[PDB]
Structure formats: C-alpha cells, structure tokens
Amino acid sequence: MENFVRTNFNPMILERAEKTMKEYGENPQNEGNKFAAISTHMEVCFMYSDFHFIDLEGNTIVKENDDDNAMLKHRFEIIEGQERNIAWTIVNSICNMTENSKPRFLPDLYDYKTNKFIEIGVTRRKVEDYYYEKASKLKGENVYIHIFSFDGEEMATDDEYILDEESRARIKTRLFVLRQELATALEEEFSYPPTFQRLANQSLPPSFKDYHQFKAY
Amino acid sequence: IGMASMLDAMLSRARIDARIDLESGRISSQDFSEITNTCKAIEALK
Amino acid sequence: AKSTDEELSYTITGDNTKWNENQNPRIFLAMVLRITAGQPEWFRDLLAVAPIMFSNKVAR
Amino acid sequence: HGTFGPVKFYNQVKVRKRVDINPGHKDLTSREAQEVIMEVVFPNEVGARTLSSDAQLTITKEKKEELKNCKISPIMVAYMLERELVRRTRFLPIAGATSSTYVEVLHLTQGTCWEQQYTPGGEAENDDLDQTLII
Amino acid sequence: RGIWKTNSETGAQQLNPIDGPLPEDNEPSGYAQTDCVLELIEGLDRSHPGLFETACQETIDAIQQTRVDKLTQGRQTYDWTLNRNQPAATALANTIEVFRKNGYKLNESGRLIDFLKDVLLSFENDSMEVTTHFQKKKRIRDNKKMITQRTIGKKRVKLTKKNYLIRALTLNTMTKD
RNA sequence: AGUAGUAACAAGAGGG
RNA sequence: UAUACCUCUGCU
C-alpha cells in the first residue's frame with residue numbers, strides 16, 4: 001500500500017523516508033517490496049537510541065527524560081537515513097579514537113559502551129535463514145547482527161543481548177502490530193520529447209523524412 | 001557528493017565532531033551542550 | 001617498408017581550404033549513428049543531440 | 001651529488017619515445033593514490049574503500065610519520081603527494097639513457113651536437129642495471 | 001545548389017546540400033554524399049575491429065559516471081539568460097537557476113545525463129521565465145542636498161517557444177585576435 | 001592632425 | 001547651450 005507509511009508513522013519519519021530512494025528508477029507508485037521496508041529501518045533506530053544513555057565513568061543508564069543535559073550522553077548514533085559521504089564519516093570518526101574494525105558494507109548503528117556496530121535486517125523469515133546469510137559473508141570482523149522475528153522469538157550472536165529486557169520487549173510489540181497490517185492493506189533511459197523529435201526529423205539528408213527512418217538506414 | 005542540503009550536511013558533522021572530541025578526547029562536557037544547542041537553534045531557523 | 005625498390009613515393013604537404021564551412025551537421029549525425037551501431041538506442045539518441053542542434057543552429 | 005664527466009661532440013641521435021618524468025614515483029594508480037592522500041591528510045573523511053595493498057599501507061604509515069606536525073595548508077600536502085605518487089609520462093626525444101633520473105636532466109646532458117656525460121646522485125635500480133647489462 | 005526548407009519550430013530558412021548535385025568545378029563545395037561517408041566509416045570499422053565497440057563502451061561508462069560539475073571546467077560559453085558570453089560555471093548556474101525556477105529539476109540528482117534531459121524537456125515550455133536587470137535613477141537626501149543615485153532592480157520576462165528555442169540554438173560570434 | 005586598416009581609437013558612463 | 005568642477009571605469 002502507498003499510504004502504509006503515511007497514515008501510521010509520525011511526520012518526521014516521512015521526510016526521512018522520501019530521501020535516498022530517489023536514485024535508481026522506481027518511485028512510491030510502482031513497488032510494495034522495498035518502499036515501506038526502508039521506513040521502519042529508521043523507526044527501529046530511534047527506539048534503539050532513545051531512553052538509553054551512558055554515565056560519567058562508563059556504565060549504562062536507562063532514564064525517562066531523553067535530552068542528555070551535560071552529564072549524560074547518547075548510547076547510539078543513527079547511520080541509516082543519511083548521505084553516503086556522511087555515513088562513512090560517522091563510522092570512520094568512531095574507529096579513529098578507538099582502534100576497531102572498519103566494516104566493508106554499510107552498518108546502521110553503533111553502541112558506544114560495548115563498541116559494537118549493528119546491521120539491522122528484520123523480515124518475515126524466522127531466524128537461521130537470515131542470520132547465517134549475512135554472517136557467512138560479513139565474517140572475521142565482529143559486526144553484531146541482531147536478528148529479530150516478526151512474531152516474537154529472538155536469536156542474537158551467543159545470545160549476547162547488550163540491550164536490557166524492558167526496551168526490547170516493546171520493540172517486539174512494535175513489529176507485532178505492523179505484521180498484522182500486511183494482509184489487511186538497473187536501467188537507463190533517454191528519448192526525445194516531441195519538439196526535439198521534430199527538429200531531429202528536419203536535420204537529416206533530403207531523401208529521408210523521419211529520424212527513426214534515417215537511423216535504420 | 002550529496003543530494004542532501006549544504007546546511008544539513010554541516011549540521012550532521014557539527015554534532016558528531018563534538019561527540020567524538022568529548023567522548024574520547026580533549027573537549028569539556030559543558031561545550032558539547034553549547035555546540036548542540038546552536039545546532040538545535042540553527043535547526044529551528046530551518 | 002611495405003613498398004618495393006621499384007616503387008615511387010611522393011608526399012603532399014597538405015591543407016584543406018574552407019574546412020569548417022563545408023563540414024555539415026547532417027554528415028556528423030550519419031557518422032555518430034554508424035559509429036554507435038548496435039549500441040543501446042538511448043546512447044545513440046543522446047550523442048545524436050549535438051549534431052541535430054548543430055543542423056538547426058543560428059548565429060548571433 | 002651528481003658527477004660530471006667530459007663533453008664529447010658528435011651527431012646526437014634522438015629517439016622520440018614515451019618515458020617517465022616523475023623520478024621516485026612509488027608506482028600506484030590515481031584511485032589508489034587518492035585513498036593514500038585521504039588517509040594521510042584527511043583521515044576522518046575517508047570513504048568506503050580501505051588500504052588494499054601493502055604498497056598503500058607502508059606508504060601511508062611513512063607519509064603520516066614524515067609529515068606529522070608540519071604547519072602548512074593541507075591542500076598543498078594533498079597536491080604534492082598527488083604529483084609525487086602517481087607515475088607520469090611524456091613523449092620526448094632522448095639520446096642514450098631512458099631512466100627517470102636521466103630523463104630529468106635531458107636539457108643538461110644532450111644538445112644537437114654534444115653529450116655532457118653525467119651521473120645523477122643516488123644508486124641505480126637493479127631493474128635498470130639488468131636491462132642495460134643485457135644490452 | 002542544395003534544398004531550402006523552412007523549420008517547423010524556429011521558422012529559420014535551412015539549406016541542405018548533402019546528397020545534393022555532384023560538383024563540376026574545383027571551387028569549395030559542401031555536397032557531401034551520405035553513402036560515401038558511411039562507406040569510409042565502415043572501412044574504418046573493418047580496419048580496426050572492436051574499436052567502435054570499446055570507444056562506445058568507454059563513452060557509456062563516462063556518461064553514467066559524469067557529474068554536472070564537469071561543465072564548470074573549460075572555456076567561456078554563450079549565456080542564453082543574458083544574451084552574452086559568460087564563464088562556464090556561471091552560465092551553468094544561470095541555466096540551472098532558470099530551469100529550477102520553471103518546472104525542471106532532474107539535475108538535482110547531480111549526474112550530467114539528467115541535466116541533459118532537462119535541456120530537451122525545456123523546449124516544450126512555451127512561456128519560459130527569465131529575470132532581467134535594469135538601471136533605476138533614485139533620489140535620496142544627503143548631509144543637505146539631494147543627489148541622483150543609480151541603482152539596479154530585477155524584472156521577470158516570459159519568452160515565446162520560438163524565442164527560447166532560438167536562444168538555445170544560438171552560438172555567439174566575435175573576431176579572432 | 002595622427003594612429004591605423006576591411007573598423008575602430010582619437011576617453012566612455014554618470015552627477016540629466 | 002557653453003564653461004568649470006565632482007564620481008565610477010582601463011580585458012567584462
């Protein structure tokens with residue numbers, strides 16, 4: 001559905017959803033494959049970042065205000081939903097001041113306490129089909145891929161859940177509602193507009209009467 | 001290269017540079033709020 | 001190298017008079033279309049633009 | 001550190017040939033050299049690609065080490081590294097030695113009717129020495 | 001000796017000499033024969049197999065990778081905005097601004113082929129709007145006499161479908177010094 | 001007058 | 001209409 005992201009989500013996410021899709025060819029009218037799927041890729045990042053901060057020493061704090069104020073700092077940074085040149089400047093600035101791995105492909109978030117890059121990739125497949133598709137490819141380096149499910153079940157790397165149980169509980173119910181509204185809801189082109197086409201027809205040898213005709217000859 | 005805005009690109013950099021310069025570096029805690037207040041003030045002016 | 005000892009060789013020190021005034025935009029469209037034969041038709045039509053505008057050119 | 005020998009006068013035969021004009025070019029492509037320069041002078045602003053070869057790694061660590069804490073415009077550093085690293089060639093008429101360090105001093109070593117014998121400072125590369133030994 | 005024909009879009013009287021009568025003297029002629037050209041270009045293709053292919057293949061890759069930036073480089077271009085020569089980059093920025101002010105923003109992508117689309121799409125507009133500038137002689141007091149003051153204000157002007165098209169097919173002239 | 005040479009300079013514009 | 005001045009310009 002074209003108005004799946006428009007009725008449900010808040011106005012801030014819609015402008016983010018408009019951004020980087022304009023590049024290849026397709027638009028919001030054609031496909032319902034990877035149109036709205038990009039929108040929740042930013043919604044999960046806000047839930048991951050909001051209500052989670054770090055203390056002066058270096059310990060996790062799950063507060064209620066959510067506006068830093070001097071003594072406490074954000075725990076995650078939003079890589080997804082940016083420009084490509086800005087996206088890597090986020091990654092590289094981090095890896096300079098902490099000697100860590102530089103990933104090959106783009107990550108979506110980074111935990112500041114545990115030092116873990118997070119590639120988000122939730123879908124209608126269960127767990128093992130999309131955990132080992134990415135893990136046997138982005139291997140060697142420790143990219144922390146958090147594979148959720150559409151219903152409830154959850155399988156991370158070593159079951160090493162960096163995020164506390166209160167916030168990830170509501171993240172399951174966030175995806176549990178959007179699952180239920182699925183049922184109820186490389187090219188290149190250049191051609192002449194008609195004015196130039198008529199000019200094209202008049203810029204031929206005298207025997208020919210049409211651009212298409214001369215091009216065939 | 002970027003389809004994004006010139007001001008918006010500068011703002012994204014303004015925040016994250018202040019972040020790493022404090023988080024693991026030689027910038028004070030009061031200054032990070034001073035930079036992000038200005039970035040929020042600029043974000044308000046559009 | 002490719003001639004025999006029996007053969008002659010002459011050289012024209014050469015100049016073409018009125019070079020630009022007699023090179024035609026329509027002929028340039030023929031060249032571009034033949035050079036691009038069998039390539040995608042968007043690429044043929046893109047490169048064909050310049051010769052066309054040159055055929056309909058006007059001079060201040 | 002160059003050494004001059006005598007000047008001989010004779011009909012100097014010059015073969016127009018493409019030759020290197022950037023002596024001590026650490027041989028890399030323009031794209032490879034761009035990654036190196038970015039790493040050295042603009043470390044935070046590097047793209048997706050990384051230092052692929054050990055050529056690129058050793059040159060980047062060396063440049064970072066040599067150029068550390070030098071008050072000068074980064075634009076000038078990027079410029080000089082671009083000129084230094086990337087190989088460049090030109091068609092030139094050359095009598096005798098074609099190596100880069102000899103090409104550098106063609107104005108001094110050859111005229112129409114004369115050869116000024118000259119050996120540049122520094123050691124010849126084994127590649128060049130093996131090629132000339134064979135000839 | 002060629003064939004005169006009035007243009008549909010501009011109304012310009014256009015001479016076509018090609019495939020025309022063969023010349024009968026040594027005077028400068030422009031009666032090029034399409035079939036003779038194509039024979040020579042075919043001859044060139046036979047003698048250098050795979051040249052046209054890779055030549056096109058390299059030009060394909062260029063068109064994909066080329067950005068709008070690339071037209072800031074190079075010599076002065078004729079500016080249709082002002083009917084004068086201007087530096088390349090200002091003529092580019094002027095054409096992009098007036099294109100953006102009308103209904104043309106494919107070049108916002110940054111790639112050059114999209115700017116080229118905007119140029120062909122701009123011929124369809126029959127009311128192309130351009131801001132000109134003109135001098136205005138204001139009067140202001142000064143310390144205690146009133147002196148005349150040259151100032152500049154802008155005025156919008158719509159163009160015909162001819163007017164714009166004529167200007168896009170216009171090439172400037174001057175003497176070579 | 002003189003420069004010059006296939007068309008210009010020999011001040012232009014403004015305070016109108 | 002002239003005669004003084006004043007201001008900008010010297011590849012635009």
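As recorded in the PDB header, X-ray crystallography is the method behind this entry, and the stated resolution is 2.70 Å.

Novice: Sorry, what's going on with the overall build of chain B here?
Specialist: Along its length, chain B carries 2 helices and 0 strands. By its C-alpha atoms, chain B is 35 × 25 × 10 Å across when sized along the principal axes. Residues classed as buried in chain B amount to 17% of the 46 residues present. Looking at chain B as shown, the accessible area adds up to about 3,200 Å², and 58% of this sits on carbon and sulfur atoms. Taking the average place of the 6 positive charges on the side chains of chain B and the average place of its 7 negative ones, the gap between the two points comes to 3 Å.

Novice: I would appreciate a short explanation of the overall build of chain A in the present structure.
Specialist: A tally of regular secondary structure across chain A gives 8 helices and 5 strands. Scanning chain A from its N terminus toward the C terminus, one meets helices and strands in the order α-α-α-β-β-β-α-β-β-α-α-α-α. Computed over its C-alpha atoms, the radius of gyration of chain A comes to 24 Å, more than 25% above the 17 Å expected for a compact globule of 217 residues. Dimensions of chain A, computed from the C-alpha atoms along their principal axes, are close to 85 × 45 × 40 Å. As presented, chain A carries roughly 13,200 Å² of accessible surface, and 48% of it is formed by carbon and sulfur atoms. If the 27 positive side-chain charges of chain A are averaged to one point and the 39 negative ones to another, these points end up 5 Å apart.

Novice: Explain the interface of chain C and chain E to me, please; I cannot follow it from the model alone.
Specialist: By a frequent convention, interface size equals the accessible area lost on bringing the separate parts together. Listed as interface residues are 23 residues of chain C and, on the opposing side, 35 residues of chain E. Taken together, the two surfaces of chain C and chain E that pack against each other cover about 2,600 Å², and 70% of this comes from carbon and sulfur. Run the count over chain C and chain E and you get 1 salt bridge. Across the pair E:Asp45 and C:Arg34 runs a salt bridge, and its minimum N-O distance is 3.1 Å. Linking chain C with chain E are 9 residue pairs in polar contact. Every element with two or more residues in the side of chain C that touches chain E is listed here: α1 (25–35), α2 (41–55) and β1 (58–59) of chain C. If you tally residues by element for the side of chain C that touches chain E, the top one is α2(C), at 7 residues. For the side of chain C that touches chain E, the class distribution of residues is 12 nonpolar, 6 polar and 5 charged. In this structure, β1(C) lies alongside strand β7 (residues 170–171) of chain E, joined through 2 bridges in parallel fashion. Paired with C:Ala59 across the two strands is E:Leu171, which belongs to β7(E).

Novice: What am I meant to see in the protein's contact with RNA strand F here?
Specialist: All names here are of chain E. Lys137, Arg139, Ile147, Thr148 and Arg150 make up every residue found near RNA strand F. Here, RNA strand F places atoms within 4 Å of the protein, and 100% of those atoms are sugar or phosphate. Contacts to RNA strand F include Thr148, whose side-chain N or O atom sits 2.7 Å from a phosphate oxygen. Take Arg150: an N or O atom from its side chain is 3.1 Å from a sugar or linking oxygen of RNA strand F. The set of elements that each furnish at least two residues to the surface near RNA strand F consists of β5 (128–142) and β6 (145–159). Ranked by residue count, the leading element in the surface near RNA strand F is β6, at 3 residues.

Novice: What exactly am I supposed to notice about helix α2 (residues 54–66) of chain D here?
Specialist: For an α-helix, 3.6 residues make a turn, and residues three or four places apart therefore share a direction. All names here are of chain D. Between its terminal C-alpha atoms α2 stretches 18 Å, which fits the 18 Å expected from 13 residues at 1.5 Å a residue. Looking at α2, one finds that the buried residues are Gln56, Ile59, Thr60 and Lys63. The buried residues of α2 occupy one face: seen down the axis, they fall within an arc of 100°. Structural note: α2 exposes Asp54, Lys61 and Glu65 on the side pointing more than 90 degrees away from its buried face. On its buried face, α2 is in contact with α1 (30–41) and α3 (74–85).

Novice: Would you explain empty space enclosed by the protein in this entry?
Specialist: In this approach, a probe sized like a water molecule rolls over the atoms, and the result shows the empty space that is left. Residues and elements named next belong to chain A. Roughly 70 Å³ of volume is contained in the largest cavity. Lining the largest cavity are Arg16, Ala17, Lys19, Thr20, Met21, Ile38, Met42, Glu80 and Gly81. Put simply, the parts of the chain that give the lining of the largest cavity at least two residues each are α2 (11–18) and α3 (37–49). Each pocket or cavity is described by its volume, and for the second largest cavity that value is around 30 Å³. Along its surface, the second largest cavity is lined by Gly121, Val122, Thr123, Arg125, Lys126, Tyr130, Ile147 and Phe148. Residue composition of the lining of the second largest cavity, grouped by class: 4 nonpolar, 2 polar and 2 charged.

Novice: Quick question: what am I supposed to make of the layout of surface pockets here?
Specialist: Approximately 1,600 Å³ is the volume attributed to the second largest pocket. What lines the second largest pocket is a set of 41 residues, among which C:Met53, E:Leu71, E:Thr77, E:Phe115 and E:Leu116 lie closest to the centre. Within the residue set of the lining of the second largest pocket, elements represented by two or more residues are α2 of chain C together with α2 (51–65), β3 (77–79), α3 (88–101), α4 (112–121), α5 (161–168) and β7 of chain E.

Novice: Looking at this model, I keep getting lost on the arrangement of the chains. Mind explaining?
Specialist: Counting contacts across all 7 pairs of chains that touch, the top-ranked interface belongs to chains C and E. Contact between chain B and chain C is absent, and the minimum C-alpha spacing across the pair is 24 Å. Contact between chain D and chain E is absent, and the minimum C-alpha spacing across the pair is 14 Å.

Novice: Before we go on, may I ask you to explain the packing of helix α7 (residues 194–202) of chain A against α2(C) in this structure?
Specialist: The description of two helices packed together rests on the angle between their axes and the distance between the axes. The interhelical angle for the contact between α7(A) and α2(C), taken along N-to-C directions, is 70°, at an axis separation of 9 Å. By the angle class used here, α7(A) and α2(C) are roughly perpendicular. In this structure, α7(A) crosses over α2(C), and the sense of that crossing is left-handed. Packed against α7(A), whose contacting residues are A:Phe196, A:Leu199 and A:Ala200, the element α2(C) presents C:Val49, C:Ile52 and C:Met53 at the interface. By residue class, the composition of the contact of α7(A) with α2(C) is 6 nonpolar, no polar and no charged.

Novice: Which parts of the structure should I look at to understand the side chain of A:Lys215?
Specialist: Along the chain, A:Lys215 turns up in helix α8 (residues 211–216). For A:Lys215, a relative accessible area of 14% puts it in the buried group. Side chain to side chain, A:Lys215 and C:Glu41 meet in a polar contact 2.7 Å long. The residues contacting A:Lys215, other than those within four sequence positions of it, are C:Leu33, C:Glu41, C:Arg44 and C:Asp45.

Novice: Would you take a moment to explain a nonpolar patch on the surface for this structure?
Specialist: On the surface, D:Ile72, D:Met76, D:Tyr79 and D:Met80 cluster together into a nonpolar patch covering about 400 Å² of accessible area. With respect to the helices and strands, D:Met76 occurs in helix α3.

Parameters and conventions
- Residues numbered from 1 in each chain as written, not as in the entry; some residues may be left out.
- Chains lettered and ligands numbered in written order.
- Part of a larger assembly, values for the part shown.
- Heavy atoms only, no water.
- Helix = DSSP H or I, 4+ residues; strand = E, 2+ residues; numbered from the N terminus.
- Buried < 20%, exposed > 50% of the residue type's maximum accessible area, 1.4 Å probe, protein only.
- Areas by Shrake-Rupley, 256 points an atom, 1.4 Å probe, with all protein chains shown as cover.
- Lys, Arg positive; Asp, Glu negative; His and termini not counted.
- Charge placed at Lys NZ, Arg CZ, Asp CG, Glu CD.
- Rg over C-alpha atoms; globule rule 2.2 N^0.38 Å.
- Contact = heavy atoms within 4.5 Å.
- Buried area = accessible area lost by both parts, 1.4 Å probe.
- Salt bridge = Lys/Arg side-chain N within 4 Å of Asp/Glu carboxyl O.
- Polar contact = N/O pair within 3.5 Å; in protein donor to acceptor, adjacent residues only side chain to side chain.
- Nonpolar A, V, L, I, M, F, W, Y, C, P; charged D, E, K, R; others polar.
- Pairing = 2+ DSSP bridges.
- Near = heavy atom within 4 Å.
- Expected span 1.5 Å × (residues − 1).
- Arc of directions from axis to C-beta.
- 1 Å grid on protein atoms, 1.4 Å probe; cavity = no way out; pocket = protein on both sides within 12 Å on 5 of 7 lines; lining within 4 Å.
- Points joined across faces, edges and corners; volume = space filled by probe spheres on them.
- Axes fitted to C-alpha atoms, helices over the stretch in contact; angles between N-to-C directions.
- Parallel < 35°, antiparallel > 145°, perpendicular 65-115°, else oblique.
- Left-handed = near helix turned anticlockwise from the far one by under 90°.
- Patch = residues over 30% accessible without salt bridge, like charges linked within 9 Å, V, L, I, M, F, W, Y side chains within 5 Å.

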